[PDB]
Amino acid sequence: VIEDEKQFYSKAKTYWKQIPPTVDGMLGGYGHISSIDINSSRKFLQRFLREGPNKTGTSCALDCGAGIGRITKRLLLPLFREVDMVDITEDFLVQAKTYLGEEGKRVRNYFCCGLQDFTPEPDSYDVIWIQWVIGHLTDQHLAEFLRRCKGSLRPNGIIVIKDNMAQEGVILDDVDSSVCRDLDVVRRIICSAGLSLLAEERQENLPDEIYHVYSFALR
């Protein structure tokens, strides 16, 4: 599906450089679902943060493919003492400082890196959130990145992937230079990283016309 790997990455970088650093820019015209998205994410995550036996901590989270901080602002900062962000697009990290407002003072690092080149620091994160970005990595780079994420989790920490699933196979989007993979492909890549699947949910009440969205909690 991906013929030229260098062009797969360079075309995506070029695409994102000219997108407006706004919520509707992040979501490709679907800004009107942002809060519906975040509310489901919060319910999916909060189970793991409950006092419980092996509770996931609330000290630090990493937001991967964070953009301007849409998720950091309304999902992660209210739940974690500190948040780090990583994104390839410099204009989005610059805008995040303004978009996040006062509570953005609790964002520690604004890492500018492609996930395929990024190593999260060992024993650093209670939650690593990876939303709407796995389609920008090749299958091998995705598996390798997920393995590096596993090494950066604190005790009881989790990785969450939330993304679009194709009906069947792998579909390349030539506009933004990303792939949409079917559920069985995604589950296979997750397993290959040595991650166990702890929770899984298809999101409800999104628009009829978009691909299904699944969330996976992993460790």
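In case it trips you up, residue 1 is the first one in the sequence shown, and so on.
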* On average, are the C-alpha B-factors higher in 55-63 or in 189-197? -> 189-197
* **167-175 set against 35-43, stretch whose average Cα temperature factor tops the other in the entry** => 167-175
* Asked: Looking at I68, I158, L27, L183, which has the highest CA B-factor as recorded?
  -> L183
* Asked: Is the Cα B-factor recorded for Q203 in the lowest, middle or highest third of its chain?
  -> middle
* **Third of chain Cα B-factors occupied by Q116** => middle
* Grab the CA temperature factor for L218 from the record and place it in the lowest, middle or highest third of its chain. => middle
* Structure fact -> Chain-relative C-alpha B factor for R148 (record values, thirds): the highest
* To do: Would you please rank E82 by its C-alpha temperature factor against the other modelled residues of its chain and give the third it falls in: lowest, middle or highest?
  => middle
